[PDB]
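J.: please find the sequence and an experimentally derived structure below.
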Amino acid sequence: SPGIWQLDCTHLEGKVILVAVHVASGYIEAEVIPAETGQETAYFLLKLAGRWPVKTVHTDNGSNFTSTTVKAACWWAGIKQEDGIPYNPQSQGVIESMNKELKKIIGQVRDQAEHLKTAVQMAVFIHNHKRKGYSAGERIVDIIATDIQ
Amino acid sequence: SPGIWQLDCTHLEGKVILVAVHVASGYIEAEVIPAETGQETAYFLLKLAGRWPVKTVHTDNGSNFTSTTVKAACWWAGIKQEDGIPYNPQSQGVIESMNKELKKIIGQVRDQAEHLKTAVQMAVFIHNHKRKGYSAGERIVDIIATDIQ
Amino acid sequence: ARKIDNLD
Amino acid sequence: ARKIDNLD
Ligand SMILES: [Cl-]
Ligand SMILES: [Cl-]
């Protein structure tokens, strides 16, 4: 549980926002890329795994599951790569709702930033700090520290 | 001290590696950019602060301390922007040693990657996972969780 | 540009 | 290219 993450890919302004969700806390990291390719996905996962103890990634679609470049990054960084089949149909709803929430935040900030990448990082910041009272940023640190101890 | 970070900028291959160090743990985040500008610095700090609870950043030089764009990102993200004067002369030697270690790691991986940005992220991963015994990634999570509790 | 990422 | 970031 502390090492499980889910990839998620959503679109805005003709670009692609790639998101990794720490399943047990709801914490996220995200980036803006021109298109989702195996090479962009692989680099994003190398970055994530040098920052958090990533044990498993549920890929966002079959092409990133299949991609030998994505598998090569998961090998390099010690990540178990898995599919993202929603055996719990609850997952489908959680992702869709998260995407709708991020797009709403992005719209509320969009005019403070010239570039979409700035607005997406402002939305990562707001989502991780939001108290729902603990934040997702507090939950992920508590969960992993509990696991280290 | 759980919220205190230090910026650091080093050069390799005609490019700039910008690094944020969590001073109490030694944990790092890093990116490759073509040149250090206040806009690039500001974006990097906005990314960092959406991911960890950044209270204070000691800037790496006077230009990023002065930069109104860097101050605007520190305002947006709720960061106190401070100078990086090594009133403790130990700071100066710790950064130099860190940069030398990162460059050594980058050379040990350099030939597994086409692009420098991949080698830099492999070096972040190796640095943060290295047990010295706990890793910097373990220390930063323990420090902040202890603070939250 | 009167934006956070472009103060001009 | 036989590299982790460029398998070709
Ligand atoms: Cl695409
Ligand atoms: Cl420069």
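T.: Received, thanks. Numbers count the residues shown, from 1 in each chain, chains lettered A, B, ... in the order given. Ligands and ions are numbered 1, 2, ... in the order given.

J.: going forward, measure contacts and count neighbours with C-alpha atoms only.
T.: Will do.

J.: over to the closest residue to residue A:11 other than its chain neighbours: give its phi and psi.
T.: Spatial nearest neighbour of residue A:11, chain neighbours left out: residue A:17 (5.9 Å); criterion: CA to CA, 6 or more residues apart in numbering or on different chains. Note on residue A:17: its backbone torsions stand at phi -110, psi 120 [degrees, to the nearest 10].

J.: neighbours around residue A:17, how many?
T.: For residue A:17, the number of neighbouring residues by other CA atoms under 10 Å in any protein chain shown comes to 22.

J.: can you name the residue of chain C nearest ligand 1?
T.: residue C:5 (25.6 Å; CA to the ion).

J.: for chain A, that is, sorry about that
T.: residue A:35 (3.9 Å).

J.: quick check: that residue is in a helix.
T.: No - Residue A:35: not assigned to a helix; according to DSSP: H, G, I helix; E, B strand; the rest coil it is coil.

J.: tell me the contacts of it?
T.: A:15, A:16 (CA atoms under 8 Å, 6 or more residues apart in numbering or on different chains).

J.: next one: residue C:1
T.: Per CA under 8 Å, 6+ apart, neighbours of residue C:1: A:114, C:7, C:8.

J.: rewinding a little: can you give me phi and psi for the residue of chain C closest to ligand 1?
T.: phi -100, psi 0.

J.: what's the burial count for it?
T.: Residue C:5 has 23 nearby residues by other CA under 10 Å.

J.: now it, nearest residue through space, not along the chain?
T.: Nearest residue to residue C:5, sequence neighbours excluded (CA to CA, 6+ apart): residue A:113, at 5.8 Å.

J.: hmm, the residue nearest to residue A:11 is touching residue A:41, no?
T.: No - using CA atoms under 8 Å as the test, residue A:17 is too far from residue A:41 to be in contact (11.0 Å).

J.: which SS class is residue A:141?
T.: With three-state DSSP as the criterion, residue A:141 reads helix.

J.: contacting residues for the residue nearest to residue A:30 when sequence neighbours are not counted?
T.: Among residues not flanking residue A:30 along the chain, residue A:19 sits closest, at 4.2 Å (CA to CA, 6+ apart). With contacts taken as CA under 8 Å, 6+ apart, residue A:19 has the following neighbours: A:7, A:8, A:9, A:10, A:28, A:29, A:30, A:31.

J.: would you mind listing what in chain C touches chain B?
T.: C:4, C:5, C:6, C:7 (CA under 8 Å from any CA of the partner chain).

J.: so for stretch A:53-68, what gets flagged as buried?
T.: With burial defined by 16 or more other CA atoms under 10 Å in any protein chain shown, the residues of stretch A:53-68 counted as buried are A:53, A:54, A:55, A:56, A:57, A:58, A:59, A:60, A:64, A:65, A:68.

J.: sorry, back to before: the residue of chain C closest to ligand 1: what's it in contact with?
T.: A:113, A:114, A:115, A:118, B:39, B:42, B:43, B:69.

J.: ok, residue A:83 next?
T.: A:58, A:59, A:60, A:61, A:62, A:65.

J.: so which of those are in strands?
T.: Of the positions in these, residue A:58 sit in strands, assigned by DSSP state E.

J.: just put the contacts of residue A:83 in JSON lines and tack on distance to ligand 2.
T.: Compiled in JSON lines, the contacts of residue A:83 are given as follows (distance: CA to the ion, whole Å):
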{"residue": "A:58", "distance to ligand 2": "38"}
{"residue": "A:59", "distance to ligand 2": "37"}
{"residue": "A:60", "distance to ligand 2": "37"}
{"residue": "A:61", "distance to ligand 2": "39"}
{"residue": "A:62", "distance to ligand 2": "41"}
{"residue": "A:65", "distance to ligand 2": "38"}
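
J.: reformat the contacts of residue A:83 as a markdown table; add distance to residue A:73.
T.: Shown next, in a markdown table, are the contacts of residue A:83 (distance: CA to CA, whole Å):
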| residue | distance to residue A:73 |
| --- | --- |
| A:58 | 14 |
| A:59 | 13 |
| A:60 | 15 |
| A:61 | 16 |
| A:62 | 16 |
| A:65 | 12 |
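
J.: which pair in the contacts of residue A:83 spans the largest distance?
T.: Farthest pair in those (CA to CA) is A:58 and A:62. Separation: 10.4 Å.
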